[PDB]
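Student: coordinates for the following, if possible.
(10 chains, ligands or ions: 56)
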Amino acid sequence: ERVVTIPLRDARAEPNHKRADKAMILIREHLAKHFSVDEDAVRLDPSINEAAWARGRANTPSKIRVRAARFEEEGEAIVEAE
Amino acid sequence: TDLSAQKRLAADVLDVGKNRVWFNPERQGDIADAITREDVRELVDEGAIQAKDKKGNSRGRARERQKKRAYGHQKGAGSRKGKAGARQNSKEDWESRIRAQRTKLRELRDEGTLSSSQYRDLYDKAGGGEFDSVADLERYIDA
Amino acid sequence: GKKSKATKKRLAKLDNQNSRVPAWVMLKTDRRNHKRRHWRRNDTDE
Amino acid sequence: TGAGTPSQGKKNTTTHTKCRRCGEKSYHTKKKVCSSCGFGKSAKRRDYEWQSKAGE
Amino acid sequence: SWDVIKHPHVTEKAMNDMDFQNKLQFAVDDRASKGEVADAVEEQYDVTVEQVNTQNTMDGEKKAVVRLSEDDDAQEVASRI
RNA sequence: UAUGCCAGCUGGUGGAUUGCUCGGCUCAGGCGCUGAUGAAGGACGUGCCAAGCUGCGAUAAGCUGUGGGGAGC
RNA sequence: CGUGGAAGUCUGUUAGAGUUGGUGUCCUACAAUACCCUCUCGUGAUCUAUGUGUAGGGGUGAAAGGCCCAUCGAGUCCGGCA
RNA sequence: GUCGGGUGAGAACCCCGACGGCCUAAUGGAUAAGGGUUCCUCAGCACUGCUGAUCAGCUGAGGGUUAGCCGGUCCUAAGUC
RNA sequence: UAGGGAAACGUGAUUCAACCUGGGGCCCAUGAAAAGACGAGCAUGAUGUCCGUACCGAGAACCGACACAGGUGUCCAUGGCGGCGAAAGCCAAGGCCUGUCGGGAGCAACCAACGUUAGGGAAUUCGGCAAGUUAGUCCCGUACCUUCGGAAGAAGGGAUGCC
RNA sequence: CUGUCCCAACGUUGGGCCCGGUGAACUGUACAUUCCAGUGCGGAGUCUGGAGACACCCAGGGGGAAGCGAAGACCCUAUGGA
Ligand SMILES: [Cl-]
Ligand SMILES: [Cl-]
Ligand SMILES: [Mg+2]
Ligand SMILES: [Mg+2]
Ligand SMILES: [Mg+2]
Ligand SMILES: [Mg+2]
Ligand SMILES: [Mg+2]
Ligand SMILES: [Mg+2]
Ligand SMILES: [Mg+2]
Ligand SMILES: [Mg+2]
Ligand SMILES: [Mg+2]
Ligand SMILES: [Mg+2]
Ligand SMILES: [Mg+2]
Ligand SMILES: [Mg+2]
Ligand code: NA
Ligand code: NA
Ligand code: NA
Ligand code: NA
Ligand code: NA
Ligand code: NA
Ligand code: NA
Ligand code: NA
Ligand code: NA
Ligand code: NA
Ligand code: NA
Ligand code: NA
Ligand code: NA
Ligand SMILES: [Sr+2]
Ligand SMILES: [Sr+2]
Ligand SMILES: [Sr+2]
Ligand SMILES: [Sr+2]
Ligand SMILES: [Sr+2]
Ligand SMILES: [Sr+2]
Ligand SMILES: [Sr+2]
Ligand SMILES: [Sr+2]
Ligand SMILES: [Sr+2]
Ligand SMILES: [Sr+2]
Ligand SMILES: [Sr+2]
Ligand SMILES: [Sr+2]
Ligand SMILES: [Sr+2]
Ligand SMILES: [Sr+2]
Ligand SMILES: [Sr+2]
Ligand SMILES: [Sr+2]
Ligand SMILES: [Sr+2]
Ligand SMILES: [Sr+2]
Ligand SMILES: [Sr+2]
Ligand SMILES: [Sr+2]
Ligand SMILES: [Sr+2]
Ligand SMILES: [Sr+2]
Ligand SMILES: [Sr+2]
Ligand SMILES: [Sr+2]
Ligand SMILES: [Sr+2]
Ligand SMILES: [Sr+2]
Ligand SMILES: [Sr+2]
Ligand SMILES: [Sr+2]
Ligand SMILES: [Sr+2]
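Tutor: Numbers count the residues shown, from 1 in each chain, chains lettered A, B, ... in the order given. Ligands and ions are numbered 1, 2, ... in the order given. The coordinates are given below.
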C-alpha cells in the first residue's frame, strides 16, 4: 500500500467533451503499471469517479492523489481518493 | 435482478415520479420478490423503498433584486429591453390618472368645498387632460 | 378509433387465428402457420 | 411539399371496409357502395366481361 | 335455441371478486342483456342477484360480473359446480 | 517458395439430370336449372386438447328412418 | 394638447403558414423531394382539423398546361389485344 | 455517459446506487384519427432489434377493458341515400 | 367527529387564465338549424337496457416497403429567473441517457461543420456568392421626394453597470 | 465591414486511420505489369516495332479504361404517336 499522484494530462489528446471518461481510463492504466497488475483487476472506489467528474465531463483536474492497496492470490488492487 | 416493474409500482404507491423513487442497493433481492402493491407498501414502511425530495428553485437572489427595483435601482437605460409603452401601458396609466382625479373631485363635492358648478368646470377639464396628476389639480384649485 | 361490436368480433378472430399449430399436430402428421400476421409488419381489413 | 413521402403522412382516413354482402375490404364507408360486388349500388352482383379475356 | 350461460369464467381476477366482493364471473352469450343474465343465474343456482356488469371481450364472447346478495355466498356456489 | 494459374481427388454448396405422378390439358358420351318454403355467396361459430383445410350450424366433423355394409371406428 | 384605437399597416423563428440564397450537406440518402443556416408572411384575398361536393375530353385551376393518391399537353384498372 | 454492485453459462449497452448529463408548446400530461392486443404476468432467444443482450413493441402460453349521470346512441348542418 | 396528510392541517394581500356580466366600433361581408329545456310543485318506490372502454398516439405501436432525421389534428399559452414577450439563455415538475454499436492512435493527408488570424481591405468573382458589419432601450436630431398617408428606426450624435 | 483575395497558418468538434462485432451495392466477353511511337472503321492495356517490367499488400488524390449510370431529349429518317 502507498499514496500515488496520477498525472491526467494525456486526457487532453481525447476530445474535450469526453475528458472525464479518458481520465478514468488513465487512472486504471497507471495503477496497473505501477502496482504490477492487470487492468481488469484494478478496482476504483466511487470516490475517484466523483473526483474526476466533479466539474463535469469536460473540465477534469490535471492531477489526482490516490491511495492504493495490493493483495490476494491472483493479484488485485483496491484504490480510493484522499 | 430486474426491478423496473417495481419502480413503476413504487411510483404509484408513493405518488411520486419514477425518477425520484429510491431502492436500497443492499435490498435488491427483497425488492425482486415484490410482486404486488401490498409487497411494495410493506417495503416502503421498512424504509427499503423511499421517495427523494423534489427541488424548488431558490427565490433568494430574486428577492434581493425585487427589493432594489422596488427602491428604484437596477432600472437604468442599460437594463431596459422593452420599448417605453411596453414597460408602462399609456392607456392603463391614463385610466389610473383620470380615475384618481375624478375621485378627488367627487370627494371635494361631498365635502362641500366645491359647488356643482365648479366641479363640472374641473371635471370637463380633467376629461380634456388639463391636469397631469392629483397634485397638479389641487394646485389649480388653490388659485 | 372507435370499434363496433362486429369489428370487435372480427379483430378477435384474427387474434385467435394468430396462434401456433399445436405440438400434437406435428406428431400426428409426422412433421407451419401460413396465416401468421403481425400488428406492425402486416395489415388487417377495414 | 412533395407529392411523395411527405404527402403520405396525412393518410388516416377510412374509406374501404369489410363488406356486409361479399366479405371483401371494398365497402366505401363514405359512398356506402362496394367497389367489388356493387352492394349499395345494385341488387345484382357486380360482374363484367372484361374481368376475363374475351374468348374466356 | 341459444342458452344464456355458456360457462363460468374462472381466472385469478374472478376469484378476487368471489372471495372479496361476492361476485361470480360468467362467459355468456353476446345477445344476452344484463337483465337476462340476472334471471338465468337465479334460475340455475337458486341465488338472488343484485347487479350485473357486462363486457364484450376480445375473445368474441361476453363476460358478465354478477353480484349476489349477502344471504348467498359466492364461494359456496362455485364449489359445488 | 509466398500471393497464385490449370486439371483432378475428398467434402460441401446448388438442385440440373434420370426415374416416379395424388395435378393439369384436350377429346367424347351422359346429364342439366336454383331462389321469398329466403337461393347462390359471404360472416361468425362448431372438436377433449384444434391454428389451416374439409364438414357442419347453438341438435354445429354432426341427429332420425329405411336399405346396403361389417368388426371395427 | 389629450382621448380614441383604425389598418388586405409595421417589427416579430408566439402559434402557424411559406420557401429567397447557400447553386452548402445528402445524392446506392435519414428521405423516390430529406438536413442545416439564411430568408418571407404572420387580423386576413389569413392558417387549420373534420365532414361534404365537383370525375377523365370530364373536374378543378388569382392560368404554371398547374392539380385530380410518387401517375397528367388528357388519371388509374382491366378489357379490345397476341 | 462513468465508478461500484445485482442476475446470469455468458453483460459496454438488462437491473440497483452514486456521480455526470439531455428534453421545457416538449423528449412532459391528456387525447382525435389511424393501428389492433402492440397492454400485464410468466417462460424464452431460432426469428426480429444498425453491435451484444440475461432485455424487448420479438417467440410461446396465460391474463386484462365492468358505466342511468364519459362517449355512442337522440337532433339537425353542407350534403347523401 | 367525509376524505386525505408524518405533521401543521394558516390568515391577509396584489396581479388575476377559467367562468360571469356590460359599453363601444365595423359590413357593397350581416355572422346555422333542429331535437331538447324552461314556462310547470312535492313524497315514497321502481326502472335506467344496448354499444365503446386494454395499450400506442410517435426520432420504435399511425402514413410513408423499415424500430424512416419525412408527414400527422386537439387541449395543457399562467411552473421559477429573465425580459416587451407564449423570445433567448438557465432551472423545476415530469420524462430520458433508445435522435441506440463499440475500443484505440495529440488522433497524419484529406473532408464536413466551425473559431481566431498581422499588414492590406473586394485587389476575389459574372456578381461581395460566402462571411462579416450593424443591433436592445432612452435623449437629441433627421434630407430629396410625396398621392400629405408617407419618406422615417432616413442619416448623424450622446447615454446605458454596480452601490 | 470583413480570410472573397494578396497567402496562407494554427486550433475546435465529427469522420478519416488501427482493433472487436455487424455487413450490403454498383460493376464483370476474355485476357490483362505497362510506356513511347506506329498501324487499324481515321480516338489501341491486347495488332507492329522498340522501351520498361521480381511478386504481394497499405494509404492517397482521381490521368486513362473514348470509366460506371440512361436502347441520344439535339439532328435526320418512318406513307410513327399525340
Ligand atoms: Cl369515448
Ligand atoms: Cl363601460
Ligand atoms: Mg395611445
Ligand atoms: Mg394471445
Ligand atoms: Mg357497457
Ligand atoms: Mg376538405
Ligand atoms: Mg422477463
Ligand atoms: Mg429508432
Ligand atoms: Mg487580416
Ligand atoms: Mg479579375
Ligand atoms: Mg450574403
Ligand atoms: Mg436510341
Ligand atoms: Mg425536337
Ligand atoms: Mg398527328
Ligand atoms: Na398494421
Ligand atoms: Na370460452
Ligand atoms: Na493478396
Ligand atoms: Na347435369
Ligand atoms: Na383446426
Ligand atoms: Na385625433
Ligand atoms: Na428553407
Ligand atoms: Na411578398
Ligand atoms: Na382521359
Ligand atoms: Na444499445
Ligand atoms: Na414570467
Ligand atoms: Na477562416
Ligand atoms: Na482515374
Ligand atoms: Sr407500418
Ligand atoms: Sr404550393
Ligand atoms: Sr385528411
Ligand atoms: Sr346508389
Ligand atoms: Sr354483368
Ligand atoms: Sr385471451
Ligand atoms: Sr400584418
Ligand atoms: Sr439557384
Ligand atoms: Sr448528412
Ligand atoms: Sr436531391
Ligand atoms: Sr453557410
Ligand atoms: Sr412580419
Ligand atoms: Sr392487352
Ligand atoms: Sr400521451
Ligand atoms: Sr444465445
Ligand atoms: Sr412493454
Ligand atoms: Sr342520427
Ligand atoms: Sr379585473
Ligand atoms: Sr385509458
Ligand atoms: Sr414527429
Ligand atoms: Sr419537409
Ligand atoms: Sr428533473
Ligand atoms: Sr441496439
Ligand atoms: Sr485569442
Ligand atoms: Sr467590386
Ligand atoms: Sr473587379
Ligand atoms: Sr446611435
Ligand atoms: Sr479514395
Ligand atoms: Sr430517353
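Student: buried stuff in the helix or strand hosting residue E:64?
Tutor: Using DSSP states H and E, residue E:64 sits within strand E:62-68. Neighbour-count burial for strand E:62-68 flags E:62, E:63, E:64, E:65, E:66, E:67, E:68 (criterion: 16 or more other C-beta atoms under 10 Å in any protein chain shown). (Each C-beta comes from the backbone N, C-alpha and C, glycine too.)
Student: pairing partners for it, with directions?
Tutor: Neighbouring strands of strand E:62-68 in its sheet, by DSSP bridges, are strand E:23-28 (antiparallel), strand E:49-56 (antiparallel).
Student: and the shortest one with RNA strand F, contact?
Tutor: I take that to be strand E:23-28. No: under the criterion of C-beta under 7 Å from any atom of the strand, RNA strand F is not reached by strand E:23-28; the shortest gap measures 9.8 Å.
Student: tell me which helix or strand comes right after that strand.
Tutor: Next element after strand E:23-28 (DSSP H and E): helix E:34-45.
Student: check which helix or strand residue B:109 maps to.
Tutor: helix B:90-110.
Student: can I get stretch D:28-43 as PDB, trimmed to CA atoms?
Tutor: Output in PDB follows, covering the C-alpha atoms of stretch D:28-43 (Å, rounded to 0.1, in the frame of the first residue of the first chain):
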ATOM      1  CA  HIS D  28     -66.600   2.500 -49.200                       C
ATOM      2  CA  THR D  29     -67.800   3.800 -45.900                       C
ATOM      3  CA  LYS D  30     -68.400   7.300 -47.200                       C
ATOM      4  CA  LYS D  31     -70.100   6.400 -50.500                       C
ATOM      5  CA  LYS D  32     -71.900   3.400 -48.900                       C
ATOM      6  CA  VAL D  33     -71.100   1.400 -52.100                       C
ATOM      7  CA  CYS D  34     -68.900  -1.700 -52.600                       C
ATOM      8  CA  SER D  35     -66.300  -1.400 -55.300                       C
ATOM      9  CA  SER D  36     -66.100  -5.200 -55.600                       C
ATOM     10  CA  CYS D  37     -69.700  -6.600 -55.600                       C
ATOM     11  CA  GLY D  38     -71.700  -3.400 -56.100                       C
ATOM     12  CA  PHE D  39     -73.600  -3.500 -52.700                       C
ATOM     13  CA  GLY D  40     -75.300  -0.200 -52.200                       C
ATOM     14  CA  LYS D  41     -75.500   0.400 -56.000                       C
ATOM     15  CA  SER D  42     -77.200  -2.700 -57.300                       C
ATOM     16  CA  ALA D  43     -79.400  -5.600 -56.300                       C
END
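Student: how far off centre is it?
Tutor: Stretch D:28-43 has its C-alpha centroid displaced from the chain centroid by 8 Å (C-alpha atoms, centre = their mean, to the nearest Å).
Student: and it, which residues are buried?
Tutor: Applying 16+ other C-beta under 10 Å to stretch D:28-43 flags D:33, D:34, D:35, D:36, D:37, D:38, D:39 as buried.
Student: and stretch A:45-53, by the same measure?
Tutor: Across stretch A:45-53, burial judged by 16+ other C-beta under 10 Å covers A:48, A:51, A:52, A:53.
Student: returning to what we had before: can you put the strands paired with strand E:62-68 in TSV and add distance to RNA strand I?
Tutor: Listed next are the strands paired with strand E:62-68 as TSV, based on distance: least, C-beta to the nearest atom of the strand, whole Å:
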stretch	distance to RNA strand I
strand E:23-28	10
strand E:49-56	3
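Student: flag every residue of chain C that's near chain E.
Tutor: Taking C-beta under 8 Å from any C-beta of the partner chain, the part of chain C that reaches chain E is made up of C:5, C:8, C:9, C:11, C:12, C:13, C:15, C:16.
Student: excluding its backbone neighbours, what's nearest the third one?
Tutor: Put plainly, it is residue C:9. Nearest residue to residue C:9, sequence neighbours excluded (C-beta to C-beta, 6 or more residues apart in numbering or on different chains): residue E:60, at 5.0 Å.
Student: SS state for that neighbour?
Tutor: coil (DSSP: H, G, I helix; E, B strand; the rest coil).
Student: state the number of residues packed around it.
Tutor: Using other C-beta atoms under 10 Å in any protein chain shown, residue E:60 is surrounded by 15 other residues.
Student: with residue D:26 instead?
Tutor: Residue D:26 sits with 20 neighbouring residues when counted by other C-beta under 10 Å.
Student: and the gap between the residue nearest to it when sequence neighbours are not counted and RNA strand I?
Tutor: Nearest residue to residue D:26, sequence neighbours excluded (C-beta to C-beta, 6+ apart): residue D:36, at 3.8 Å. Distance, residue D:36 to RNA strand I, using C-beta to the nearest atom of the strand, to the nearest Å: 20 Å.
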